[PDB]
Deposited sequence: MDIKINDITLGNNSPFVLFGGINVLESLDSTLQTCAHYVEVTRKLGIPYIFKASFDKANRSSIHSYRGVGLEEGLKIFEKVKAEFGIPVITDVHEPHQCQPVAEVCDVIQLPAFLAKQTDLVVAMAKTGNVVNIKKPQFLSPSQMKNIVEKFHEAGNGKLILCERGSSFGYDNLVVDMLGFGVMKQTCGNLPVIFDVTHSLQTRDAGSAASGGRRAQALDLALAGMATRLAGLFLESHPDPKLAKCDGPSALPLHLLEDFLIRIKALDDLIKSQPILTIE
């Protein structure tokens, strides 16, 4: 099943879509600068692009740690991004009450992995009618993803993306099961599956650029709707060379018939 996001077709047999941007919104000017770099790189390579950022860091290490611009200012920044670049955007939501005002502006709304079983958040997200990105928790198996999908379907929204971010592997470590992508496709109605390579790696001794590339290449080899990543996270200047490689592999894989 494909999902249309403005003029973008997202699907497991379509050219991969990049979901990329930054961890947290800090200011309008920095955001526009970072976004302009993603837009020019992706446009030249012919890769469909959706700009990603959080307006709030909800689970920071300290109560005193900087958390970002917040809802009202964050939505102002997203409105400016869409106006300036004409691209879709994606952000996460952590409270039911935020879903409607966020969905008015943001094309895709994201369910945080830690909140995937917050049933009132699922319902509030579903009711927006927006495209939803479901972050697969590290503690949930790929065959249990269908239970989250079921909830969104019972609540009347079928425009769902499934986002791999790795699986718990002993203490404080993650592994990405390359077979989990296929399990999700087979058991969740072939909804678009995307791969968050960045968060999949957060527990490895260097977020290495070579590591991220090997892991991204491996996952895309399984035939995926998209790649989800952050830069500052990959350094922003290496983005073009990274994406050249991803696109070469995706174009190859997508050109071969399924069987």
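According to the record, C-alpha coordinates are lacking for deposited residues 207-212, 239-250, 278-280.
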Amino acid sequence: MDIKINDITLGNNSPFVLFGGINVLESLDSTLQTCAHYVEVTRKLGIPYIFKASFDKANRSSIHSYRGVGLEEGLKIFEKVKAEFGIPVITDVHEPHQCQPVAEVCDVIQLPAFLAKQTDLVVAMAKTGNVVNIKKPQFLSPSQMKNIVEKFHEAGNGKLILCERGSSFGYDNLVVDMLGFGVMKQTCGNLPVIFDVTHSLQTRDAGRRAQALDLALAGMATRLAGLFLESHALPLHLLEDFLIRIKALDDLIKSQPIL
From here on, numbers count along this sequence of modelled residues.
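According to the PDB record, 92-100 carries the higher mean C-alpha B-factor of the two stretches 142-150 and 92-100. The PDB entry reports B-factors from which the mean C-alpha value can be compared for 20-28 and 247-255; the larger average falls on 20-28. Per the PDB record, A83 has a higher Cα B-factor than any other of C163, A83, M125, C188.
When the C-alpha B-factors of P192, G219, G68, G46 are ranked from the entry, the top spot goes to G68. In the deposited entry, the Cα temperature factor of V105 places it in the highest third of its chain's modelled residues. Per-chain ranking of the deposited C-alpha B factor places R223 in the lowest third. Annotation for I63: CA B-factor lies in the highest third of the chain's modelled residues. Ranked by C-alpha B-factor against the other modelled residues of its chain, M184 falls in the lowest third. Ranked by Cα temperature factor within the chain, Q33 sits in the highest third according to the deposited record.
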